[PDB]
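*Asks:* Let me see the structure of the following:
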Amino acid sequence: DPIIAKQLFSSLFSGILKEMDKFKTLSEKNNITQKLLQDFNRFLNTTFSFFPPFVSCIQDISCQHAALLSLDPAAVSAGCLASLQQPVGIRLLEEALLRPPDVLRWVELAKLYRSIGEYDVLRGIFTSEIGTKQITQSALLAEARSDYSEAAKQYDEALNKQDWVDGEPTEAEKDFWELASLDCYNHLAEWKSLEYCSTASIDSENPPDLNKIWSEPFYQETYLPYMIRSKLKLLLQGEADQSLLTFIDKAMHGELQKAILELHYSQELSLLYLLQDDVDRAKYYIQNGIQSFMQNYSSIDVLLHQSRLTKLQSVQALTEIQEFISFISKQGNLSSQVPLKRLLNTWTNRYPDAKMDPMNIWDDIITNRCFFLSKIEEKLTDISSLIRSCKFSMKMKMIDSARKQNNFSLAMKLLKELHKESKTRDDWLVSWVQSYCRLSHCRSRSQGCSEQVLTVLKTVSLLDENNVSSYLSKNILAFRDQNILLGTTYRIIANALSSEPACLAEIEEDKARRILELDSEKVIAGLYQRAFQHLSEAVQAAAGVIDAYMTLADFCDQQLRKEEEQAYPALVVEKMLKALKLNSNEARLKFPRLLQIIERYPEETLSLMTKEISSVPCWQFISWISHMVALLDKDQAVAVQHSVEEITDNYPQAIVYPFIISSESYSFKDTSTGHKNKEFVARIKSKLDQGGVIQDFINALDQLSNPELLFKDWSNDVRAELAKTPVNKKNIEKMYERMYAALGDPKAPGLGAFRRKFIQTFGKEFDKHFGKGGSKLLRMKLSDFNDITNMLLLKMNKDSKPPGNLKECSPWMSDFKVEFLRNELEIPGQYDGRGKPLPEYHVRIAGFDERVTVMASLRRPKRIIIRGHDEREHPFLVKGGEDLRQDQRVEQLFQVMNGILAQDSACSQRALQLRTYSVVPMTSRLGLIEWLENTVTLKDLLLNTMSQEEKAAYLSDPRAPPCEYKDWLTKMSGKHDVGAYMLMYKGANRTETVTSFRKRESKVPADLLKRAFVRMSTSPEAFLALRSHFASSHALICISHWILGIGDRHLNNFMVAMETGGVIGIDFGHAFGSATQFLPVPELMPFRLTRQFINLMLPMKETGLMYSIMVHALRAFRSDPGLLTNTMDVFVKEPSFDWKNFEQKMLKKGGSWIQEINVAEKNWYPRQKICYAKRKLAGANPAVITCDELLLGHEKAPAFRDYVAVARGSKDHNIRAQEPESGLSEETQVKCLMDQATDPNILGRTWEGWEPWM
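*Replies:* Numbering: from 1, shown residues only. The protein structure is shown below:
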């Protein structure tokens, strides 16, 4: 076994080098270490067989001592690239680049990061380190998205510069421009311009590409693959070129020119010998290619993902070469057409996937298949059309996949190269024209309003071509799609010149007259009619008609939300319900729009609403069941009664827990239409929970929650109502029954659920103190004294034992053991939209477990370890007293959020997906949350990475960052409580707080997250995997907690997954902007990007991985039809939190918000939150929205202009003070977001529990 020999030598040598340090002082020690360094250089230079547990052995023992770190940047990179052991040379070069020699080290580290994928870390060092110009930054910005036309334009516009008098570019960024030009010319199909750029550096005047590349081997690694690739890829379509054949012939004579050429490529060699018509050498080289693939794939480590992916994305082309050789060697395939037709039918069914394979894979497979079909049509001397139709269909599928990955300069050249063939038949023409129009519609979603008219005024005249002169009367699926795309075209024009009213028509010469022939307000209303007519013609003419419904539906819906400043409510309701009658999901999230339009326009279209909802499969409302059953109290519930009856008759388990939350509060009417509704609610209450076990289940769960932290909630309920004025009658009398049901006589909890073990020590002990309560407190009406309740509430927690130690505390569950058909429970947490469910195969609960575990918080939830009838064990979390509906709402928002992420190409290629869980509110004040296995909170991870002494030095010391902030706030203001923040904004300037923040954040250990990810990783090939996952997950939740504005992101709202290193986001108390608007000391930062998240990525900068993930996710978010805005609108206009639930849930945790109701009762305003979220989704300065929220919630306060001055910028140091208010872009938006999150003027002035330094 070579691995244990590697480990034994790597431990023995380091032990000897450690033990020699007593004698052999610094005179001889330096000579010994330089001789060891020279011998290691000699090993790496004279090796010829790169044995990987030898190469990795010497590169592992050099990295651990600070004398061999300056080993050999030229040899380390070559040994790791040839030995396929890159993540140890990466660690070696990074440890050298910590602590010119430090320029070629960045060149070799970029060479090592380029080979394992990792193109986001690669761009992050070509800006911070290989910089010194202002055109490299613009070119890399244009290449970070799939825009390799301007990005390669401004590289050849900078290599052949002449003077450029501001300095001279170095010799490290002068060939980097050539290499990046080769990359960007390779990303398109620029095959005539890649060979010239790759051969224009070895020599001049038609250079000798025969032996000049074989000496000075820098021309052998970089300029050789691009030359042979660009010449073969231009040979495969038909030319002569006579340059690669002769070079391969003259290079296949020797071993120095033969071993490299037959080891590295061999598949280019098989394609070349197939071009030279001989098959046996091609057979030998394709079998050598398959064997070399197997040898390479067996050496990449399994947890280096995307290296195995880009390795495995070539087996289809390899196997298609082998399959073409096998198809052409037989003689039965020649003279008969059925194996050819079977080959075509298996070719047009095995595509690479759109949206997931990059376009070089598509380019390889389609160019190979067209070469194969040309060879087959050569050897088979109708049948000429059956191959042309295959080639046309494959090329059009390639273009349709190319558009979806935002390759528009690559799709336009394919559409222009395919136009001449798409002329003879009409269906080819309409597919080409509709692909053209779809490309123009998906292209214009990012240009400004002045160019959005220009890019779609081209696709109007080419629809006045043929395919209208008697084609769209024989076929109907094209006649629908043309009307859909023309309506969308006029929609983009009419919304384009309405945001900018007339200046877009002013910047025109005849295009304004071409607009107006189809002022300044009477043409917009004509273009909306021109959009409406074409969108309404389509529904009169599976995903061929539900789009025809839903585009018209969303156009009329945005017309109504614009008209709020017509018989359109008739056209929204039917044309959304007829598409929900088919299985849709874009029509399934838009149903509360119908529930709001039938309320706001109720005088018409309501019997139509009943007649249209009367025939719908009643499983497409289980996501919206808690919205239709909250209409049971309210007037006009006759539009939804048959669906509730159908659900209670078919699935009487998935309506129960929304029924208990809505029967808790119901104030019915007295009119004749409000007369049958009481009978209906009584009917469903009688026919549901018929066995009488769901209420006993909920009662047995309610006995598990702590009552000592429920007496707190009852005291806060009664002291907020009784102790203001003696005019509010009998509310305390109606609300004392809730306290009497859980405390008082001991037979009432036995009648409710069971004889508790807690009531023997609670309800028997608190009788001689609560006889006074039952006598006087039931009829008190004094509203003056509460210390007699405070002194017993203070003594009730010194004798109470939150250890219950068993499941015998709630003994209905300890002996569950179901017997027969007596209404089995079916454990909650299923039935979430998602087609027609199968209730027989759902997990039924078949036992509890005899252990309880209390989680550490203030509210103390309880984890239960119950079992299932599949003999699994599910743990859950019981939280009693708290309305968990809002967490369920925002997790549904996270579900639609990472459903819209997975539809994006550049996000699904990196596998960006938010981590969700399940929350069920069984009744109000009682719910059930999922539990996550083997996860630790972020503060506990950082607190257990430390040592045993520095923990005490960090927690208990006067110079600790906790106590120093309190001393600083005492010094700057004067008062020793909250309110000193209000005087610190006016008693301090910028520089003092910035220097004090640096001085107090230079006291925590900087290597606190790298130490945690290196303590548990055991390998350099696992350190990379555990760090990049943490980076991607934290960047995704940082950008996702900003659109729907979530504050309070302190160190306990993040849970890391200690087997793979990924963060979870929890605890959504602030959903829209409220931590800055209603807390006393606001939160001015967008998210949490502190020092530890910065120092994890050293020596790389924040302009790499986190920057690219945030920009890609934000561009995924703000390119939508409006699903997220509609769902957030439905979330805020749901009447369950009208400042009262807000103040109750802020009361139940005693922090900083205390005793504030004078203006916030009349300043909730659910239109404002949607206005601000839509405004920041439309592109806005992140310090303008913050100042608007501070204006909305903090005026008539002393330090308000200081709030604006701190969270506005400084115009000298801050990039967010130099940019305009609106009309921004994604890259500059993320730049201002990173400037606001990392700002010592902000983090020096922030809440003391948010902990900005760590």
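*Asks:* CA-only coordinates of stretch 704-723 in CSV, if you can.
*Replies:* Once non-C-alpha atoms are left out, stretch 704-723 reads as follows in CSV (Å, rounded to 0.1, in the frame of the first residue of the first chain):
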residue,chain,number,x,y,z
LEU,A,704,-46.1,19.4,26.5
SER,A,705,-45.5,23.2,26.3
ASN,A,706,-44.4,25.1,29.4
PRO,A,707,-47.2,27.0,31.3
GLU,A,708,-44.8,29.2,33.3
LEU,A,709,-43.9,31.1,30.1
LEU,A,710,-47.6,31.2,29.3
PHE,A,711,-48.5,33.0,32.5
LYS,A,712,-46.2,35.7,31.1
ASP,A,713,-48.3,35.9,28.0
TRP,A,714,-51.6,36.0,29.9
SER,A,715,-50.2,38.9,32.1
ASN,A,716,-49.1,40.7,28.9
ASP,A,717,-52.5,40.2,27.4
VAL,A,718,-54.4,41.5,30.5
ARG,A,719,-52.1,44.4,31.4
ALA,A,720,-52.3,45.9,27.9
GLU,A,721,-56.1,45.9,27.9
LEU,A,722,-57.4,46.3,31.5
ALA,A,723,-54.8,48.9,32.6
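*Asks:* Run the chain-centre distance for that stretch.
*Replies:* Centroid separation between stretch 704-723 and its chain, computed with CA atoms, centre = their mean, to the nearest Å, is 40 Å.
*Asks:* Okay, buried residues for it please.
*Replies:* Within stretch 704-723, the residues that qualify as buried by neighbour count (16 or more other CB atoms under 10 Å) are 704-707, 709-714, 717-718, 722. C-beta coordinates here come from the backbone N, C-alpha and C atoms, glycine included.
*Asks:* Need the residues that contact it.
*Replies:* Among residues not part of stretch 704-723, those counted as contacts by CB atoms under 8 Å, 6 or more residues apart in numbering are 728, 731-732, 735, 738-739, 742-743, 758, 762, 780-781, 783-784, 786, 789, 793, 796-797, 800, 802, 809-810, 852, 859-860, 862, 864, 878-881, 926, 1144, 1147-1148.
*Asks:* which ones among those are found in strands?
*Replies:* Of the contacts of stretch 704-723, the ones assigned to strands by DSSP state E are 862, 864, 878-880, 926.
*Asks:* Just the buried ones among the residues you listed, please.
*Replies:* Taking 16+ other CB under 10 Å as the criterion, what is buried in those is 862, 864, 878-880, 926.
*Asks:* Now render those residues as a markdown table, adding distance to residue 434.
*Replies:* Shown next, in a markdown table, are those (distance: CB to CB, whole Å):
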| residue | distance to residue 434 |
| --- | --- |
| 862 | 59 |
| 864 | 56 |
| 878 | 55 |
| 879 | 53 |
| 880 | 58 |
| 926 | 54 |
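*Asks:* so which two of those are the farthest from each other?
*Replies:* Pairwise distances across those peak at 13.4 Å for 864 and 926 (criterion: CB to CB).
*Asks:* what's the overlap in contacts for these two?
*Replies:* Any residue near both residue 864 and residue 926 by CB under 8 Å, 6+ apart counts here, and that gives residue 878.
*Asks:* Endpoint to endpoint, stretch 878-892 covers what distance?
*Replies:* With CA to CA, to the nearest Å applied, stretch 878-892 spans 20 Å between its terminal residues.
*Asks:* got a list of contacts for it?
*Replies:* Contacts of stretch 878-892 from elsewhere in the structure, counted by CB under 8 Å, 6+ apart, are 623, 626, 661, 701-702, 704-706, 709-710, 713, 859, 861-864, 916-921, 924-929, 1044, 1068, 1071, 1127, 1131, 1134, 1136-1137, 1141, 1144-1145, 1148.
*Asks:* Just give me the neighbour total for residue 86.
*Replies:* Residue 86 is surrounded by 25 other residues when neighbours are defined as other CB atoms under 10 Å.
*Asks:* helix, strand or coil for residue 386?
*Replies:* Under the three-state scheme (DSSP: H, G, I helix; E, B strand; the rest coil), residue 386 adopts helix.
*Asks:* just to revisit the earlier point, now, among the buried ones among the ones in strands among the contacts of stretch 704-723, which is nearest to residue 1207?
*Replies:* The closest of these, once distances to residue 1207 are taken by CB to CB, is residue 879, at 34.3 Å.
*Asks:* Report the beta-bridge partner residues of that closest one.
*Replies:* As for beta bridges, residue 879 partners with residue 927 under DSSP bridges.
*Asks:* quick one: it from residue 96, how far?
*Replies:* Using CB to CB, to the nearest Å, one gets 51 Å for the distance from residue 879 to residue 96.
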